[PDB]
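Topology and contacts: notes
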Amino acid sequence: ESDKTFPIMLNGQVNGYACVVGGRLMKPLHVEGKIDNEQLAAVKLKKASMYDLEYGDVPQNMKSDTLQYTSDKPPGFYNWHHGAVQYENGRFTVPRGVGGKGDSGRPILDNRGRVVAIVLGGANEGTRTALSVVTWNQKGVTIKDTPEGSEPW
Amino acid sequence: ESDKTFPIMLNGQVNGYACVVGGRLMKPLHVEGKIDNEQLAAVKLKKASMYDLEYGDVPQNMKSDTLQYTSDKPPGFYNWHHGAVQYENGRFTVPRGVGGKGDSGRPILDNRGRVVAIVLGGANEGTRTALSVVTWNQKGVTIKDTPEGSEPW
Amino acid sequence: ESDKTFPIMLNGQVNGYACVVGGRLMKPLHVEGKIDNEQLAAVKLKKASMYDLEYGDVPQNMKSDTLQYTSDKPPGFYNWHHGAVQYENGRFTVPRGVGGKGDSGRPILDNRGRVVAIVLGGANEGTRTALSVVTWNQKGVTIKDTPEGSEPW
Amino acid sequence: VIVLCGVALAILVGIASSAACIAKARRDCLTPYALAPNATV
């Protein structure tokens, strides 16, 4: 499940989503709008425009409800908002043309109830849909992965 | 059924209504009041004061959700918020005595679930309770029919 | 019941409550934020600094359901948010450690259904946990009471 | 200077007021068509 994550809203479009990980709000930077969980809108964000992401410390009153990220990224299936994604060749891969635009800020989760990465948007060569995403190094280095020509979702 | 319609509210209480037809929202001008849907509230209304109405184009994210208008009006019962009204000789006739203030902006519907008129007000002359309404002519041009004394509801 | 008593909200938290007695809206003054109801929010609240309250006049539509107060309050059990309060020795009291912050503005009511008082806080030493409370002497006079050192909830 | 400003004022009032009149007439003449997206003007 993902209900501990919330949509950003503008014009009436759930134009993206946001996640509470490690006590920090995370949302795509390229996506603007009202984060549906209005308490998250009280947070003042800090930006990482090279990663197209921004973050801010979630208020203490619910900070203990935050999800937690992983160092684990072995190849295999990971639970996703559209069922699952296959991590392979060290890349997040999805069937050709499924899910898509509107999923900016959607999480990808460890079966143990942890978050392995956050998606930004996809690309697709034809064999599979390739995902652009922000991930984590084994020593905690946050690193964005983005297949070439990846579109924003 | 009526879920496509939306209330207009003043002092935190509904005091009128609005509806979306062909992708154009309309609300009575005489009804001072805000609109529930914040995306509808974002639209810039155009003051069609000659019809005691104001309208604005709603964005394409609700393109499919607008009501469809129909100009054909065979004499018969047409659906309404409180039931139905007998159309006769061009007059929209309410079974006398039902309805009142606070109900402007309510659509009037064909049995096919398509909008044919909008409530502006109403009264009785000596035989039936006439409703003042805005509607479209046989040629499709919109027109305001308002038997005298059909004060705005 | 007291179902319709109205919560006060601030930063998403239920920071208080409010009530309407004999058509006169009353809420704590020390309770920050706003009433979650827009009909009540339209009331131009007037400060009652000595009484730690603020009162206005509600739209008269609720004249049929505004909470009936009663001043006469013999010692005994009275209905309350956390089930009930024990009234004795002229002071309102509760079991130790129950309730707390955000309960400001919760009314007290006769099991016949008549409100009698409003909670402001409490204290613990020597007896049952007493509530700082505004009361209505048989003269019909509103009176504020504060057990020594009661914190404002 | 008085008559020159008179000319300027009269021309500006004539143009802007006639344009406002025309715009109002156009606006409310199209309004029965603007409210009729399912009809052809």
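Residues numbered from 1 in each chain as written, not as in the entry; some residues may be left out. Chains lettered and ligands numbered in written order. Part of a larger assembly, values for the part shown. Heavy atoms only, no water.

Method information in the entry identifies cryo-EM as the source of the structure, with 3.95 Å recorded as the resolution.

Looking at the PDB entry, chain D carries the name Structural polyprotein, with the source organism given as Western equine encephalitis virus. For this entry, the PDB record gives the title as "SINV-WEEV Fleming in complex with VLDLR LA(1-2)".

As annotated in the PDB entry, chain A is Capsid protein from Western equine encephalitis virus.

1. Here we look at the overall build of chain D
Going by this rule: Helix and strand definitions follow DSSP, with helices as H or I runs of at least four residues and strands as E runs of at least two, each counted in order from the N terminus. Residue burial is assigned from relative accessible area. The probe radius is 1.4 Å, only protein chains are included, and a residue is buried under 20% of its type maximum, exposed over 50%, and partly exposed in between. Only the protein chains shown count as cover for residues, and the accessible areas themselves come from Shrake-Rupley with a 1.4 Å probe.
When its secondary structure is counted, chain D shows one helix and zero strands. Along the three orthogonal principal directions, the C-alpha set of chain D runs to about 55 × 10 × 10 Å. Looking at chain D residue by residue over its 41 residues, the buried ones come to 12%. Approximately 3200 Å² of chain D is accessible, and the part contributed by carbon and sulfur atoms is 75%.

2. What to know about the overall build of chain A
The test is simple: A radius of gyration in this sense is built from C-alpha atoms; the matching globule rule multiplies 2.2 Å by the number of residues raised to 0.38. Note on contacts: a residue pair qualifies if any of its non-hydrogen atoms lie within 4.5 Å across the two residues.
Per the secondary structure count, chain A includes one helix and 13 strands. For chain A, the α and β elements follow one another from N to C terminus as β-β-β-β-β-β-α-β-β-β-β-β-β-β. Relative to its length of 153 residues, chain A is compact, with a C-alpha radius of gyration of 14 Å against a globular reference of 15 Å. Expressed along its principal axes, the backbone C-alpha trace of chain A runs to roughly 45 × 35 × 30 Å. Counting over 153 residues, chain A shows a buried share of 45%. In chain A, the share of contacts with a sequence separation of at least 24, taken over all contacts with a separation of at least 6, comes to 53%.

3. Considering the UniProt feature "active site" in chain A
Residue and element names in this part refer to chain A. Condition: UniProt positions are given in the numbering used here, feature names are shortened, and annotations may be inferred rather than shown by experiment.
As annotated in UniProt, the feature "active site" corresponds to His30, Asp52 and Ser104 in the numbering used here. Taken along the chain, the residues just named run across 75 residues; in space they keep tight, none of their C-alpha pairs more than 10.5 Å apart. Here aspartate 52 shows up in the loop between strand 5 (46-48) and strand 6 (53-57). Not counting chain neighbours up to four residues away, the residues in contact with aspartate 52 comprise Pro28, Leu29, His30 and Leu120. Setting aside residues up to four positions removed in sequence, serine 104 forms contacts with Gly16, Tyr17, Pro28, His30, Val31, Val119, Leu120 and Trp153.

4. Structural notes on the sheet that holds strand 3 (residues 24-28) of chain A
Note on sheets: strands pair through backbone hydrogen bonds, and any given pair is parallel or antiparallel. Residue and element names in this part refer to chain A. The condition is simple: Here, a strand pair is defined by DSSP locating no fewer than two bridges between the strands.
Strand order in the open sheet formed by six strands is 4-1-2-3-6-5, with antiparallel pairing between adjacent strands. Because the sheet does not close on itself, it has two edges, and the strands there are strand 4 (34-35) and strand 5. Here strand 2 (residues 13-21) pairs with strand 3 via three bridges, running antiparallel. Each residue of the ladder has a partner; that of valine 20, found in strand 3, is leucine 25.

5. Points about the interface of chain B and chain D
As a reminder of what qualifies: Buried area counts how much accessible surface, traced with a 1.4 Å probe, disappears from two parts once they are put together, with both parts' losses summed. For this document, the term salt bridge refers to a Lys or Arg side-chain nitrogen within 4 Å of an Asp or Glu carboxyl oxygen. Residues adjacent in sequence count toward polar contacts only when both atoms are side-chain atoms; beyond that, a polar contact is any pair of N or O atoms within 3.5 Å, and within protein one must be able to donate a hydrogen and the other to accept it. Amino acids outside the nonpolar list (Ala, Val, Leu, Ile, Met, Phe, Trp, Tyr, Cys, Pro) and the charged list (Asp, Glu, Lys, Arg) are all regarded as polar, and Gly is one of them.
Each partner contributes to the interface: chain B provides 15 residues, whereas chain D provides ten residues. Between chain B and chain D lies a buried interface of about 1100 Å² when both sides are counted; carbon and sulfur atoms form 71% of it. On the chain B side of the interface with chain D, the three residues burying the most area are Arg24, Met50 and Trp136 of chain B, jointly 37% of the side's total. The tally of links between chain B and chain D comes to zero salt bridges. Put simply, chain B and chain D have two residue pairs in polar contact between them. The residue inventory of the side of chain B that touches chain D, partitioned by class, reads ten nonpolar, three polar and two charged.

6. Quick notes on helix 1 (residues 2-34) of chain D
Here is the rule: Expected span, for any helix, means 1.5 Å times one less than how many residues it has.
Taking 1.5 Å of rise per residue, the 33 residues of helix 1 of chain D would be expected to cover 48 Å, and the 45 Å separating its terminal C-alpha atoms lies within 8% of that figure. Buried residues along helix 1 of chain D sit in contact with strand 3 (24-28), strand 5 (46-48), strand 6 (53-57) and strand 13 (142-145) of chain B.

7. Regarding a nonpolar patch on the surface
All names here are of chain D. We count it as follows: Excluding any residue in a salt bridge, patches collect residues exceeding 30% relative accessible area, merging like charges within 9 Å and nonpolar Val, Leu, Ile, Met, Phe, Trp and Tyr side chains within 5 Å.
Together, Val3, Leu4, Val7, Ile11 and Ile15 line one region of the surface with nonpolar side chains, adding up to about 520 Å² of accessible area. Within the secondary structure layout, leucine 4 lies in helix 1. By relative accessible area, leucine 4 is classed as exposed at 60%.

8. Topic: the pattern of salt bridges
Tallying each qualifying case throughout the model produces 19 salt bridges over all chains. Between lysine 34 of chain B and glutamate 32 of chain B there is a salt bridge, and its shortest N-O distance comes to 3.2 Å. Three or more residues are tied together by salt bridges with common partners; here these are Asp72, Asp110 and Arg114 of chain A.

9. Overview of the nonpolar core
Rules: Residue types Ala, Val, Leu, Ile, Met, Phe, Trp, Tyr and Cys, when buried and joined through side-chain atoms within 4.5 Å, form a set referred to as a nonpolar core.
With 28 residues, the main nonpolar core has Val21, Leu25 and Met26 of chain B as its most contacted residues. It is strand 2 (residues 13-21) of chain B that contributes the most residues to this core, four residues altogether. Residue contacts for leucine 25 of chain B: discarding those within four places in its chain leaves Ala18, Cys19, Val20, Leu40, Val43, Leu45, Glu54, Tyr55, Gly56 and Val58 of chain B. In terms of nonpolar packing, the next biggest core, distinct from the first, is built from 22 residues, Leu53, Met62, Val134 and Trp136 of chain C among them.

10. Considering the side chain of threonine 31 of chain D
Along the chain, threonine 31 of chain D falls in helix 1. A polar atom in the side chain of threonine 31 of chain D sits 2.5 Å from the backbone oxygen of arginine 27 of chain D. Sequence-distant contacts of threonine 31 of chain D, that is, excluding residues within four places in its chain, are made with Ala48, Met50 and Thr142 of chain B.

11. Some words on the arrangement of the chains
A comparison of contact numbers over the four pairs of chains in contact places chains B and D at the top. A minimum C-alpha distance of 23 Å separates chain A and chain D, which share no contact. Taking C-alpha atoms as the reference, chain C and chain D come no closer than 33 Å and do not contact one another.

12. Remarks on the sheet that holds strand 5 (residues 46-48) of chain C
All names here are of chain C. Here we have six strands laid out as an open sheet, ordered 4-1-2-3-6-5, and antiparallel in their pairing. Each edge of the open sheet carries a strand with a single partner, namely strand 4 (34-35) and strand 5. Bridge count between strand 5 and strand 6 (residues 53-57): three bridges; the pairing is antiparallel. Across the sheet, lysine 46 pairs through a bridge with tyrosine 55, a residue of strand 6.

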